[PDB]
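Here we start with a single chain on its own, the form solved without ligand NAR, put down as structure tokens.
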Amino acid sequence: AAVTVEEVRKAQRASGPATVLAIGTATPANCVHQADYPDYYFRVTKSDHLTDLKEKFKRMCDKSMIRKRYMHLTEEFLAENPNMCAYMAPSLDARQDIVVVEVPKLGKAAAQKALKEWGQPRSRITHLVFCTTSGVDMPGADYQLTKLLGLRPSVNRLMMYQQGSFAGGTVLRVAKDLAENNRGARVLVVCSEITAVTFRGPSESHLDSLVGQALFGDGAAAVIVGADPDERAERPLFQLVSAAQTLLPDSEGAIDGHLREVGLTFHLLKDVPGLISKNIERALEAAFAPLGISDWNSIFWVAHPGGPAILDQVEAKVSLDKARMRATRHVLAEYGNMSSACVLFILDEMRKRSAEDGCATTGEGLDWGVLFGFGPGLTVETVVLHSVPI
């Protein structure tokens, strides 16, 4: 009645670009070393008699380029739940009972670290973006995390369920609009993935699911995003310049994922590394041409480590310097494939190594960077990042 909508819009809106104010990561305590996983996995699933199948899983884990992973699932638990140890056995209820609890709990550990580095009180958080691919529930994990952290009972929550490995970029793309369109907004972004929904025994008939057993790991990464940082009170890490999403052509059913009574099952049709390599440059050009940037070796890289073959085939297609994917490959080695949370681990790794290596910026000395998310549909999320002087 007093103010007009244009006056509200003018007042409501923020200035400046969405900025990463803090990054925090967390994993389950239980740590499984990749060198020992073929024996561990084949023992807990009672499959040591399938010798030829175990030999293939050994080479699978050898090619994985993963040194270790963290998993909430323990041998003691798995001994009590043979329905989650067989390849195809009704067990979704058992799996949901775990993830609907542990996924929010692990996200709290990651967000607690991000908030402590942030230094501001939780009460300043105005937006919560929670993303997971491990189970669904109502109220969602976003509700669980809010209660666990004690966030304001008016936080604008966004719950990303069953998204897939590309959601790491989707959450940044979402946070970018939330922080930039609302003046004092402070967005807590949380990705949390626990493999208890996809863990299952081996089968010589469904080898695509076997690679998942060699790559998927548990973990959560939290990020605090906001525009117009408070100087001397907040420490800008990266800037979210732009975000785009796209579907690669001829990639229709490349990676399918179905939530059934046997839990979450993944199905691999078509060459995923090849499909990404053939089109990565086109994604790079769409995001950096209006920027006047052509040298793909002049920008710091953040790529979802879906598998070592994806990294190799993209690094070879565009002739990347082997230092550009150093942070990406490092996270894959110490954590495995953690689905959406992976790209947020690499961000934390890149900035951590940069400050420890005396780089000029948080982006390995470079100014501009690119963040790639890869997942079902052959969806590619592309986020143009910018570093901050160190």
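Residue numbers run from 1 along the displayed sequence.
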{"item": "201-209 or 255-263, whichever carries the higher mean Cα B-factor", "value": "201-209"}
{"item": "Residue range whose averaged C-alpha B-factor is higher in the record, 288-296 or 170-178", "value": "288-296"}
{"item": "Out of 105, 127, 270, 72, residue topping the C-alpha B-factor column of the entry", "value": "270"}
{"item": "From 188, 318, 145, 194, residue of greatest CA B-factor", "value": "318"}
{"item": "Chain third (lowest, middle, highest) by recorded CA B-factor, residue given as residue 64", "value": "middle"}
{"item": "Residue 81 by Cα B-factor - lowest, middle or highest third of the modelled chain", "value": "middle"}
{"item": "Within-chain third of residue 137 by Cα B-factor, per the entry", "value": "lowest"}
{"item": "Record-listed C-alpha B factor of residue 28: chain third", "value": "lowest"}
{"item": "Chain-wide C-alpha B factor ranking for residue 337, given as lowest, middle or highest third", "value": "lowest"}
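If you look for the form solved in complex with ligand NAR, you will not find it shown, but the lines that follow are about it.
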query: Partner-proximal stretch of 322-330, 38-46, 358-366, 24-32 relative to ligand NAR in the bound PDB entry, 4.5 angstroms, heavy atom; finding: 322-330
query: Distance check, residue 54 to ligand NAR in the bound PDB entry, heavy atom within 4.5 Å; finding: no
query: Residue 65: touches ligand NAR in the bound PDB entry, heavy atom cutoff 4.5 angstroms; finding: yes
